[PDB]
Amino acid sequence: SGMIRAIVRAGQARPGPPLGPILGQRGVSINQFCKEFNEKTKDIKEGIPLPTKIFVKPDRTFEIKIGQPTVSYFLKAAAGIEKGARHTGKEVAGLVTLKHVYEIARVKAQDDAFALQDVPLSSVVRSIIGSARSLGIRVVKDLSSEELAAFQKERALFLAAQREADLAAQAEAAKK
Amino acid sequence: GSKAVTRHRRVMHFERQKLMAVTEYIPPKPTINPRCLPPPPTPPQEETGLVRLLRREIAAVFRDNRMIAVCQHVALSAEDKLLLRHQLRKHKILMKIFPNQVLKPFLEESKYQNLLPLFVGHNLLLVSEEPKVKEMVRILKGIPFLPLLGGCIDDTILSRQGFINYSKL
Amino acid sequence: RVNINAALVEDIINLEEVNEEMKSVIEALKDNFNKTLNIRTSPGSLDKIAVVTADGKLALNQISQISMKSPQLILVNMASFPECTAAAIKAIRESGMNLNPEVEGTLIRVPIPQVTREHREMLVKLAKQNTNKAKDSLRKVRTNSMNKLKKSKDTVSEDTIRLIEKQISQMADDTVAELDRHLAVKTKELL
Amino acid sequence: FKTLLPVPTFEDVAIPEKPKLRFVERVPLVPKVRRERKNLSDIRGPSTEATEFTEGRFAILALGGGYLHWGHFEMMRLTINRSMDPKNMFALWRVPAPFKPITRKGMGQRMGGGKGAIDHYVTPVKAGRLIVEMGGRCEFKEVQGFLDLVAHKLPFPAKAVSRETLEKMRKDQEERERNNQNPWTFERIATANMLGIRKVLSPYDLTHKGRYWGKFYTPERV
Amino acid sequence: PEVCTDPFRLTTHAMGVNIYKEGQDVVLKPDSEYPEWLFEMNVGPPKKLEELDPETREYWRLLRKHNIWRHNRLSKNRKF
Amino acid sequence: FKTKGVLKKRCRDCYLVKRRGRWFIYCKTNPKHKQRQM
Amino acid sequence: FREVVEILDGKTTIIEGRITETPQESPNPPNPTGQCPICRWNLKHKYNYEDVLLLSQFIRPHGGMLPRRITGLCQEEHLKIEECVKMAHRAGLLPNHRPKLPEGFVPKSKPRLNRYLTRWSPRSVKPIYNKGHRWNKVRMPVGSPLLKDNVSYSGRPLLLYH
Amino acid sequence: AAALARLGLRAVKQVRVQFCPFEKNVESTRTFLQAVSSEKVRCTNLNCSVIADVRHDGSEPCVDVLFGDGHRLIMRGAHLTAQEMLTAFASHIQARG
Amino acid sequence: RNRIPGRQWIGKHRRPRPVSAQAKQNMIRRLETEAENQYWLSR
RNA sequence: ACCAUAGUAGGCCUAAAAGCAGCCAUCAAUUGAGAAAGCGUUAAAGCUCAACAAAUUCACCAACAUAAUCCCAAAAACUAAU
Ligand SMILES: [Mg+2]
Ligand SMILES: [Mg+2]
Ligand SMILES: [Mg+2]
Ligand SMILES: [Mg+2]
Ligand SMILES: [Mg+2]
Ligand SMILES: [Mg+2]
Ligand SMILES: [Mg+2]
Ligand SMILES: [Zn+2]
Ligand SMILES: [Zn+2]
């Protein structure tokens, strides 16, 4: 029938939206897909969301290919910040080093996307750095000793920014 | 009696119309049309960084590696092309595509001028170091409508039958 | 349409004032006779019921939450402004027809009876009578303007007076045409 | 295979605050109490003011004369604002607000009795004058595309030109005048009073050189 | 549905990349293990057109990207 | 058919042809795009 | 010249291309320095619809035109020769350059009206019922305007509208 | 490729193109081979078998198409244009099929 | 059918009577004669 | 004509914003493809553009109905014309 891209949480498998209508239009039974997803993801319990491709055949049968989880969630977990910056470039969302980028690249090199390509890990590192640039997380070359002080200052800065943003949102809601 | 400026174009006097007609512009007309005339000398083109990089890459390819196979590039699906790329990199032989406009002059200037009829249409250069044609023949046999045109194995220009014989050797 | 500049006189007649009066009369008649006779048993949606709140008039859908319990049962709920429940009940009970609700607390059950009374002909006749009265009022306003012109007919040229009378007659004709169009639209809506 | 060409880059140009065209009043804040004669010389003849670029790179060039009023101003403003990207483009006017009053008779239609009553104001524009000047980090192609509609909707004929386009057309006109083949030209004949042509010509024709007739300007008249 | 970190774990390792069931977080291997291509690459300022060498493929890739941007800007007046 | 003084294509499948001494914008996907130059 | 030959032999279709001998250019052109064929044979501003020997050199056997990328003429001469070929075909010249239709040659129609220097198509021009007055008159176009640059020995300009 | 894809190629069994790439008149033959080996043609029908025979001394490019009407279309294309071969092939297969 | 409003050579809409080659040649000849006259009236 | 794969559903609000109600970044893989220039979905999906590989005629704007008694000299593209 076709192919469907679905980003699903590792520990979450619900027969509802947005997974509901997409499989209902295809006619594939949602319960079987949920059971297969639970069987294939019950070996992982850290709740890292991942994208997957569902190949629905014309006979209403489906196949599942599970790839590596999301780069955005990888960067968020590596930096320690729950949500990314609203205005990228004007504000800093987080701070990581080259070690996290290299580790993410070497653990994502086995995905279905970069498995077919045969470029070295340098290209994957560049892709991760570009994704971090888009997310707003700053990367530094060498600050292993200063990362503690950098973290202790950036946490205060980010909590102050979050408080200011919450105040601005409350003011906008009251004005609207 | 109309005003000095009107909207109906203010049709002029007959003498003024005659004056305009006499004073109408006449473009200069050359005796011989210069379009089909023997053209001016050649304004020679200037080599750019892109063509220089292409020439350097082609020279490096023809210098370093040993197996340089020429195949007819077939318009296949992206997934199949990537799968073929992965299967070829399993044997560590890569593929490249070069434009004919830069490939033909380099080929005719170099010692591989016998490959000119092979590079008329779509082309694909299979580059392999330490050639092993057995795996290449096996992986090409899986696709029926992707024909091996020819190539050179250590400065030995061979056709498809020559490649088959070398693989069997 | 002979229209004067309406600024070259400015003293013996105020065409701007005449137009303002005509437009005010038209608007008042329109609003009143519509909202009075737009009931047609079921006045479009009952969400537009005027309920008193803060010494003002607001629709039921404005100060209420109106849903449809059944196709003939309107379910009102007092959540947005739960302070005029009695006023809302009274307004629903007397809204054009006999729409007696049931005071089930915040919920309000409104059955929809009738829609077979065939009083639309009488409503049309009442609308025609009101339109005739509005025409009479417009004629009175035009006569007052003509009397002002006659009072001014001392030094001002009767040519200018005739031009102003033609302008006023044209405005009156346009206003009565608008009234007739509104009457026709209301008659179509009723029937 | 095709070569790669560099693209223009715009960094020196800075977008000013409020890039959109400002609103223009229908009438001046101080109305003209005294009725003025409708001089047609403000339209007749070539333009001498607002004929060159000041800060923008593109402009709306008028090839003829006419009157612009609040309707035309509003049309131009709305069209440019809705079809212009404020983040990369800015626009400015080159003509003043409508100030010249136009009178209609009104009360009574027979000839005579005095002047009429002021109805609206217009801005006189001569041929060769810029109307709207635009600039920014944008290419002329899109600017010309979305300004051609404004040029067409303007009463007088108009074009969406740039600095390069205006310079090219002026140089083409100069070259045509230079290499015109026939020895007889309107300017020369008018200056020399050949055939007594001054009887049928006009004193302003000595300056117009035959390129201007009333409010109509012919660019190919040399 | 998951939980993030806050203490020295963030600086000492990555605690969100461990994907399987067991909480076996990978440690931060010493700097000597990481090759030079991790450190030689730029991080913050993207390369511009004039910064790159015209005899380099990255310059032509950036020029192609700029050509696509120019074409997209020009084709914003599509009436189709 | 719509008679116009200026003809312009409303989609990429409209083709302009000179027939019977006039110009015609013919479209097959959208029959409403039939334009005839007056 | 290349010819396509189709052979049917027992539900089998054979399509083959056959190359035949073709005439070549004359050895001595008056102006060898000219890039363009007509411009180098000095027939520019000389040919007309009456000159059939030049127009018949490059036209398809069914009366079709020939591509400029193959012919080699300049754009203006290509357009002029296309106009002249159309005029000759409408006038009745090139009798042998029409498709052979054995079925359609039996039902004869009205006799072909003799014409020459025809600009438009005979089936596309509506009669002018008004014809205009002296000052505003709808003149009847005769001949193609592209031929206004031909040499005039008499010196009188060619009347393109009468 | 689009013309062959839109014509419904489900009614073909075998298409083989036998040619010698080292000749001076194989441009049209290779263009035809690439057109008939396009991805759209492949996805139109999977029951067809496409064969590319490469020779060195044959010097006679040709195309043989066997389809289930018991029909064998043989085109000895040595001077024909690739577009002409494509349109003739399409016209024959649509007429008989 | 086609009427000329007003008088033939007075009103706003006049006869569209064009200029002829004979008139052009006559004007050119007169211009040449006057140019020769103004040359002879120079020194 | 010639085809369209990769991080990725780039990050925020919204029931949903997956190139496309909106705001900010606009990186990076394959020689070769814009966090996407037009259609389309509630959200997708899907259909086109430019990018490589195949060639390379030229390719910027310019065309516009009508009245009444009956259309209105007929006609003519080349024998030499300041
Ligand atoms: Mg006068
Ligand atoms: Mg206009
Ligand atoms: Mg008369
Ligand atoms: Mg007149
Ligand atoms: Mg790339
Ligand atoms: Mg494309
Ligand atoms: Mg009509
Ligand atoms: Zn269309
Ligand atoms: Zn030529």
# chains A, B, ... in the order shown; residues from 1 in each chain; ligands from 1
call {"tool": "residues_around", "arguments": {"residues": "region 78-86 of chain A", "least_positions_apart": "4", "cutoff": "8 Å", "atoms": "only C-alpha atoms (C1' of nucleotides)", "output": "PyMOL selection string"}}
result
(chain A and resi 74+91-96+100+135-137) or (chain E and resi 4-6+10+14-17) or (chain J and resi 11-12+24)
call {"tool": "residues_near_ligand", "arguments": {"ligand": "ligand 6", "cutoff": "9 Å", "atoms": "only C-alpha atoms (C1' of nucleotides) and all ligand atoms", "output": "PyMOL selection string"}}
result
chain J and resi 2-4+49-51
call {"tool": "write_last_selection", "arguments": {"atoms": "N, CA, C and O atoms (P, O5', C5', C4', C3', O3' and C1' of nucleotides)", "output": "PDB file, in the first residue's frame"}}
result
ATOM      1  P     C J   2      12.464  11.710 -19.874  1.00  0.00           P
ATOM      2  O5'   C J   2      14.036  11.957 -19.953  1.00  0.00           O
ATOM      3  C5'   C J   2      14.950  11.053 -19.350  1.00  0.00           C
ATOM      4  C4'   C J   2      15.715  11.709 -18.227  1.00  0.00           C
ATOM      5  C3'   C J   2      14.939  11.938 -16.940  1.00  0.00           C
ATOM      6  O3'   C J   2      14.942  10.788 -16.111  1.00  0.00           O
ATOM      7  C1'   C J   2      16.140  13.907 -17.532  1.00  0.00           C
ATOM      8  P     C J   3      13.652   9.837 -15.993  1.00  0.00           P
ATOM      9  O5'   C J   3      14.007   8.877 -14.770  1.00  0.00           O
ATOM     10  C5'   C J   3      13.578   9.179 -13.448  1.00  0.00           C
ATOM     11  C4'   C J   3      14.603   9.993 -12.695  1.00  0.00           C
ATOM     12  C3'   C J   3      14.120  10.611 -11.390  1.00  0.00           C
ATOM     13  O3'   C J   3      14.249   9.717 -10.299  1.00  0.00           O
ATOM     14  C1'   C J   3      15.236  12.252 -12.698  1.00  0.00           C
ATOM     15  P     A J   4      12.968   8.981  -9.672  1.00  0.00           P
ATOM     16  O5'   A J   4      13.419   8.657  -8.179  1.00  0.00           O
ATOM     17  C5'   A J   4      13.037   9.499  -7.101  1.00  0.00           C
ATOM     18  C4'   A J   4      14.058  10.579  -6.838  1.00  0.00           C
ATOM     19  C3'   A J   4      13.634  11.663  -5.856  1.00  0.00           C
ATOM     20  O3'   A J   4      13.848  11.291  -4.505  1.00  0.00           O
ATOM     21  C1'   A J   4      14.522  12.668  -7.802  1.00  0.00           C
ATOM     22  P     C J  49       9.253  19.296 -13.188  1.00  0.00           P
ATOM     23  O5'   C J  49       9.444  20.812 -12.744  1.00  0.00           O
ATOM     24  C5'   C J  49      10.724  21.418 -12.786  1.00  0.00           C
ATOM     25  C4'   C J  49      10.788  22.653 -11.925  1.00  0.00           C
ATOM     26  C3'   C J  49      12.185  23.096 -11.523  1.00  0.00           C
ATOM     27  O3'   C J  49      12.830  23.856 -12.530  1.00  0.00           O
ATOM     28  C1'   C J  49      10.790  23.076  -9.616  1.00  0.00           C
ATOM     29  P     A J  50      13.663  23.120 -13.691  1.00  0.00           P
ATOM     30  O5'   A J  50      15.024  23.943 -13.765  1.00  0.00           O
ATOM     31  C5'   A J  50      16.157  23.537 -13.013  1.00  0.00           C
ATOM     32  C4'   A J  50      16.311  24.354 -11.756  1.00  0.00           C
ATOM     33  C3'   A J  50      17.552  24.059 -10.931  1.00  0.00           C
ATOM     34  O3'   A J  50      18.715  24.706 -11.419  1.00  0.00           O
ATOM     35  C1'   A J  50      15.672  24.091  -9.513  1.00  0.00           C
ATOM     36  P     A J  51      19.944  23.839 -11.989  1.00  0.00           P
ATOM     37  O5'   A J  51      20.941  23.701 -10.752  1.00  0.00           O
ATOM     38  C5'   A J  51      20.549  23.017  -9.570  1.00  0.00           C
ATOM     39  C4'   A J  51      21.506  21.906  -9.224  1.00  0.00           C
ATOM     40  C3'   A J  51      21.737  20.874 -10.316  1.00  0.00           C
ATOM     41  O3'   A J  51      22.702  21.306 -11.260  1.00  0.00           O
ATOM     42  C1'   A J  51      21.304  19.775  -8.265  1.00  0.00           C
TER      43        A J  51
END
call {"tool": "residues_around", "arguments": {"residues": "residue 64 (chain H)", "least_positions_apart": "3", "cutoff": "9 Å", "atoms": "only C-alpha atoms (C1' of nucleotides)", "output": "number ranges by chain"}}
result
H: 14-18, 72-76
call {"tool": "write_last_selection", "arguments": {"atoms": "C-alpha atoms", "output": "PDB file, in the first residue's frame"}}
result
ATOM      1  CA  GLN H  14      11.194 -10.191 -23.074  1.00  0.00           C
ATOM      2  CA  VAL H  15      13.185  -7.215 -24.365  1.00  0.00           C
ATOM      3  CA  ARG H  16      16.807  -7.792 -25.385  1.00  0.00           C
ATOM      4  CA  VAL H  17      19.231  -5.260 -26.862  1.00  0.00           C
ATOM      5  CA  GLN H  18      22.321  -6.753 -28.517  1.00  0.00           C
ATOM      6  CA  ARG H  72       8.599 -10.871 -32.162  1.00  0.00           C
ATOM      7  CA  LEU H  73       9.452  -7.260 -33.030  1.00  0.00           C
ATOM      8  CA  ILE H  74      13.017  -7.144 -34.376  1.00  0.00           C
ATOM      9  CA  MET H  75      14.552  -3.714 -35.014  1.00  0.00           C
ATOM     10  CA  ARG H  76      17.995  -3.622 -36.650  1.00  0.00           C
TER      11      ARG H  76
END
call {"tool": "residues_around", "arguments": {"residues": "residue 17 (chain J)", "least_positions_apart": "3", "cutoff": "9 Å", "atoms": "only C-alpha atoms (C1' of nucleotides)", "output": "PDB file with C-alpha atoms (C1' of nucleotides), in the first residue's frame"}}
result
ATOM      1  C1'   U J  14      -1.349  24.974  18.766  1.00  0.00           C
ATOM      2  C1'   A J  21      -1.775  29.165   9.888  1.00  0.00           C
ATOM      3  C1'   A J  43      -2.612  16.748  10.178  1.00  0.00           C
TER       4        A J  43
END
call {"tool": "residues_around", "arguments": {"residues": "region 39-56 of chain B", "least_positions_apart": "5", "cutoff": "10 Å", "atoms": "only C-alpha atoms (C1' of nucleotides)", "output": "MDAnalysis selection string"}}
result
(chainID B and resid 34 61:62 98:99 101:103 105:106) or (chainID D and resid 3:4) or (chainID E and resid 53:57 59:60) or (chainID G and resid 34:35) or (chainID J and resid 31)
call {"tool": "write_last_selection", "arguments": {"atoms": "C-alpha atoms (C1' of nucleotides)", "output": "PDB file, in the first residue's frame"}}
result
ATOM      1  CA  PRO B  34      27.314  41.229 -39.796  1.00  0.00           C
ATOM      2  CA  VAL B  61      41.758   8.422 -10.578  1.00  0.00           C
ATOM      3  CA  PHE B  62      43.713   7.368 -13.664  1.00  0.00           C
ATOM      4  CA  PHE B  98      32.122  12.602 -14.589  1.00  0.00           C
ATOM      5  CA  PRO B  99      30.611  14.981 -17.167  1.00  0.00           C
ATOM      6  CA  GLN B 101      32.300  17.766 -21.643  1.00  0.00           C
ATOM      7  CA  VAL B 102      35.370  17.526 -19.393  1.00  0.00           C
ATOM      8  CA  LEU B 103      35.955  13.762 -19.691  1.00  0.00           C
ATOM      9  CA  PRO B 105      39.131  16.100 -23.923  1.00  0.00           C
ATOM     10  CA  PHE B 106      41.137  14.553 -21.083  1.00  0.00           C
TER      11      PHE B 106
ATOM     12  CA  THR D   3      29.094  26.144 -15.117  1.00  0.00           C
ATOM     13  CA  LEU D   4      28.392  27.717 -11.726  1.00  0.00           C
TER      14      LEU D   4
ATOM     15  CA  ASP E  53      39.304  28.400  -1.376  1.00  0.00           C
ATOM     16  CA  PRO E  54      37.829  28.563  -4.913  1.00  0.00           C
ATOM     17  CA  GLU E  55      39.839  25.417  -5.781  1.00  0.00           C
ATOM     18  CA  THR E  56      37.873  23.434  -3.166  1.00  0.00           C
ATOM     19  CA  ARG E  57      34.690  21.402  -3.578  1.00  0.00           C
ATOM     20  CA  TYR E  59      33.267  26.391  -2.129  1.00  0.00           C
ATOM     21  CA  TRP E  60      31.390  25.098  -5.174  1.00  0.00           C
TER      22      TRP E  60
ATOM     23  CA  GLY G  34      29.991  33.634 -46.357  1.00  0.00           C
ATOM     24  CA  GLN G  35      28.989  31.408 -43.461  1.00  0.00           C
TER      25      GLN G  35
ATOM     26  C1'   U J  31      30.054  14.196  -7.748  1.00  0.00           C
TER      27        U J  31
END
call {"tool": "interface_residues", "arguments": {"of": "chain J", "to": "chain I", "cutoff": "12 Å", "atoms": "only C-alpha atoms (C1' of nucleotides)", "output": "NGL selection string"}}
result
:J and (67-72 or 81-82)
call {"tool": "select_by_dssp", "arguments": {"residues": "chain F", "states": "strand (DSSP E)", "output": "PyMOL selection string"}}
result
chain F and resi 2-4+15-19+22-26+35-37
call {"tool": "residues_near_ligand", "arguments": {"ligand": "ligand 9", "cutoff": "10 Å", "atoms": "only C-alpha atoms (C1' of nucleotides) and all ligand atoms", "output": "list in words"}}
result
residues 33, 34, 35, 36 and 37 of chain B; 34, 35, 36, 37, 38, 39, 40, 44, 72, 73, 74, 75, 76, 77 and 78 of chain G
call {"tool": "write_last_selection", "arguments": {"atoms": "N, CA and C atoms", "output": "tab-separated table (two decimals), in the first residue's frame"}}
result
chain	number	residue	atom	x	y	z
B	33	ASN	N	25.27	42.56	-43.79
B	33	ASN	CA	24.75	42.13	-42.50
B	33	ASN	C	25.85	41.41	-41.73
B	34	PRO	N	26.16	41.81	-40.49
B	34	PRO	CA	27.31	41.23	-39.80
B	34	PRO	C	27.04	39.89	-39.14
B	35	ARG	N	25.79	39.44	-39.07
B	35	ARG	CA	25.48	38.17	-38.43
B	35	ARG	C	26.15	37.00	-39.15
B	36	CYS	N	25.89	36.87	-40.45
B	36	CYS	CA	26.41	35.77	-41.25
B	36	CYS	C	27.77	36.10	-41.84
B	37	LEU	N	28.28	37.30	-41.57
B	37	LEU	CA	29.60	37.74	-41.98
B	37	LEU	C	30.63	36.88	-41.26
G	34	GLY	N	31.24	33.52	-47.09
G	34	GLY	CA	29.99	33.63	-46.36
G	34	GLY	C	29.68	32.37	-45.58
G	35	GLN	N	29.33	32.55	-44.30
G	35	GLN	CA	28.99	31.41	-43.46
G	35	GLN	C	27.64	30.81	-43.86
G	36	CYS	N	26.65	31.67	-44.09
G	36	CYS	CA	25.29	31.29	-44.44
G	36	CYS	C	25.22	30.82	-45.89
G	37	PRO	N	24.39	29.81	-46.18
G	37	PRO	CA	24.32	29.31	-47.57
G	37	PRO	C	23.83	30.35	-48.57
G	38	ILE	N	22.68	30.97	-48.31
G	38	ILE	CA	22.15	31.98	-49.22
G	38	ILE	C	23.05	33.21	-49.23
G	39	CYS	N	23.51	33.61	-48.05
G	39	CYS	CA	24.37	34.78	-47.91
G	39	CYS	C	25.71	34.59	-48.61
G	40	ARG	N	26.14	33.34	-48.83
G	40	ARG	CA	27.39	33.05	-49.53
G	40	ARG	C	27.17	32.76	-51.00
G	44	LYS	N	20.72	36.47	-51.43
G	44	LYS	CA	20.02	37.30	-50.47
G	44	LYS	C	19.40	38.51	-51.17
G	72	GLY	N	21.03	25.55	-41.96
G	72	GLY	CA	22.16	26.44	-41.77
G	72	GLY	C	21.92	27.89	-42.12
G	73	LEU	N	20.70	28.26	-42.48
G	73	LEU	CA	20.41	29.64	-42.87
G	73	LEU	C	20.36	30.55	-41.64
G	74	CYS	N	20.53	31.84	-41.89
G	74	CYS	CA	20.28	32.84	-40.86
G	74	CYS	C	18.79	32.92	-40.57
G	75	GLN	N	18.45	33.46	-39.40
G	75	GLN	CA	17.06	33.45	-38.95
G	75	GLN	C	16.15	34.21	-39.90
G	76	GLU	N	16.59	35.39	-40.36
G	76	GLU	CA	15.74	36.19	-41.23
G	76	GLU	C	15.48	35.49	-42.56
G	77	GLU	N	16.52	34.94	-43.17
G	77	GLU	CA	16.33	34.23	-44.44
G	77	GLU	C	15.52	32.96	-44.24
G	78	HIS	N	15.68	32.30	-43.10
G	78	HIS	CA	14.86	31.12	-42.80
G	78	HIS	C	13.39	31.49	-42.76
call {"tool": "residues_near_ligand", "arguments": {"ligand": "ligand 5", "cutoff": "8 Å", "atoms": "only C-alpha atoms (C1' of nucleotides) and all ligand atoms", "output": "PDB file with C-alpha atoms (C1' of nucleotides), in the first residue's frame"}}
result
ATOM      1  CA  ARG E  61      28.835  23.343  -2.958  1.00  0.00           C
TER       2      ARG E  61
ATOM      3  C1'   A J  29      25.647  12.897   3.390  1.00  0.00           C
ATOM      4  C1'   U J  30      26.404  11.125  -1.698  1.00  0.00           C
ATOM      5  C1'   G J  32      25.110  15.397  -7.552  1.00  0.00           C
ATOM      6  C1'   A J  33      19.177  17.751  -3.900  1.00  0.00           C
TER       7        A J  33
END
call {"tool": "atom_distance", "arguments": {"atom1": "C1' of residue 20 (chain J)", "atom2": "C1' of residue 1 (chain J)"}}
result
29.2 Å
call {"tool": "decode", "arguments": {"residues": "region 56-76 of chain A", "atoms": "N, CA and C atoms", "output": "PDB file, in the first residue's frame"}}
result
ATOM      1  N   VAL A  56       3.297  -0.890   4.588  1.00  0.00           N
ATOM      2  CA  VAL A  56       1.994  -1.528   4.464  1.00  0.00           C
ATOM      3  C   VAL A  56       1.871  -2.108   3.064  1.00  0.00           C
ATOM      4  N   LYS A  57       1.684  -3.422   2.986  1.00  0.00           N
ATOM      5  CA  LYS A  57       1.501  -4.136   1.734  1.00  0.00           C
ATOM      6  C   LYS A  57       0.046  -4.066   1.292  1.00  0.00           C
ATOM      7  N   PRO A  58      -0.230  -4.315   0.008  1.00  0.00           N
ATOM      8  CA  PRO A  58      -1.625  -4.259  -0.465  1.00  0.00           C
ATOM      9  C   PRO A  58      -2.554  -5.245   0.224  1.00  0.00           C
ATOM     10  N   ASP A  59      -2.035  -6.337   0.784  1.00  0.00           N
ATOM     11  CA  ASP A  59      -2.857  -7.323   1.473  1.00  0.00           C
ATOM     12  C   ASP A  59      -3.063  -6.991   2.947  1.00  0.00           C
ATOM     13  N   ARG A  60      -2.917  -5.722   3.325  1.00  0.00           N
ATOM     14  CA  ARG A  60      -3.115  -5.226   4.685  1.00  0.00           C
ATOM     15  C   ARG A  60      -2.129  -5.822   5.684  1.00  0.00           C
ATOM     16  N   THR A  61      -0.978  -6.295   5.220  1.00  0.00           N
ATOM     17  CA  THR A  61       0.084  -6.763   6.098  1.00  0.00           C
ATOM     18  C   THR A  61       1.209  -5.733   6.146  1.00  0.00           C
ATOM     19  N   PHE A  62       1.861  -5.645   7.304  1.00  0.00           N
ATOM     20  CA  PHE A  62       2.825  -4.588   7.564  1.00  0.00           C
ATOM     21  C   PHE A  62       4.160  -5.183   7.984  1.00  0.00           C
ATOM     22  N   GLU A  63       5.229  -4.445   7.695  1.00  0.00           N
ATOM     23  CA  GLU A  63       6.575  -4.778   8.134  1.00  0.00           C
ATOM     24  C   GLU A  63       7.173  -3.579   8.858  1.00  0.00           C
ATOM     25  N   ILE A  64       8.021  -3.857   9.844  1.00  0.00           N
ATOM     26  CA  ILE A  64       8.570  -2.829  10.717  1.00  0.00           C
ATOM     27  C   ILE A  64      10.089  -2.853  10.628  1.00  0.00           C
ATOM     28  N   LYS A  65      10.682  -1.676  10.435  1.00  0.00           N
ATOM     29  CA  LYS A  65      12.128  -1.491  10.502  1.00  0.00           C
ATOM     30  C   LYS A  65      12.403  -0.391  11.516  1.00  0.00           C
ATOM     31  N   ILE A  66      13.149  -0.720  12.566  1.00  0.00           N
ATOM     32  CA  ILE A  66      13.420   0.212  13.653  1.00  0.00           C
ATOM     33  C   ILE A  66      14.839   0.744  13.504  1.00  0.00           C
ATOM     34  N   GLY A  67      14.969   2.068  13.427  1.00  0.00           N
ATOM     35  CA  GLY A  67      16.256   2.719  13.330  1.00  0.00           C
ATOM     36  C   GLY A  67      16.700   3.329  14.648  1.00  0.00           C
ATOM     37  N   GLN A  68      17.770   4.115  14.568  1.00  0.00           N
ATOM     38  CA  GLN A  68      18.290   4.784  15.748  1.00  0.00           C
ATOM     39  C   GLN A  68      17.354   5.913  16.183  1.00  0.00           C
ATOM     40  N   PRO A  69      17.345   6.248  17.478  1.00  0.00           N
ATOM     41  CA  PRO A  69      16.428   7.286  17.975  1.00  0.00           C
ATOM     42  C   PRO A  69      16.753   8.687  17.477  1.00  0.00           C
ATOM     43  N   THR A  70      15.986   9.669  17.945  1.00  0.00           N
ATOM     44  CA  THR A  70      16.022  11.013  17.383  1.00  0.00           C
ATOM     45  C   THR A  70      17.260  11.783  17.832  1.00  0.00           C
ATOM     46  N   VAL A  71      17.861  12.507  16.884  1.00  0.00           N
ATOM     47  CA  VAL A  71      19.036  13.323  17.177  1.00  0.00           C
ATOM     48  C   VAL A  71      18.692  14.448  18.141  1.00  0.00           C
ATOM     49  N   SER A  72      17.503  15.040  18.003  1.00  0.00           N
ATOM     50  CA  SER A  72      17.107  16.119  18.901  1.00  0.00           C
ATOM     51  C   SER A  72      17.024  15.629  20.341  1.00  0.00           C
ATOM     52  N   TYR A  73      16.408  14.464  20.553  1.00  0.00           N
ATOM     53  CA  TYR A  73      16.324  13.916  21.903  1.00  0.00           C
ATOM     54  C   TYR A  73      17.695  13.485  22.405  1.00  0.00           C
ATOM     55  N   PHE A  74      18.549  12.974  21.512  1.00  0.00           N
ATOM     56  CA  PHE A  74      19.916  12.649  21.907  1.00  0.00           C
ATOM     57  C   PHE A  74      20.644  13.885  22.423  1.00  0.00           C
ATOM     58  N   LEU A  75      20.544  14.995  21.688  1.00  0.00           N
ATOM     59  CA  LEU A  75      21.199  16.232  22.105  1.00  0.00           C
ATOM     60  C   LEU A  75      20.597  16.772  23.396  1.00  0.00           C
ATOM     61  N   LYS A  76      19.270  16.697  23.537  1.00  0.00           N
ATOM     62  CA  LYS A  76      18.631  17.161  24.764  1.00  0.00           C
ATOM     63  C   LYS A  76      19.095  16.352  25.968  1.00  0.00           C
TER      64      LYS A  76
END
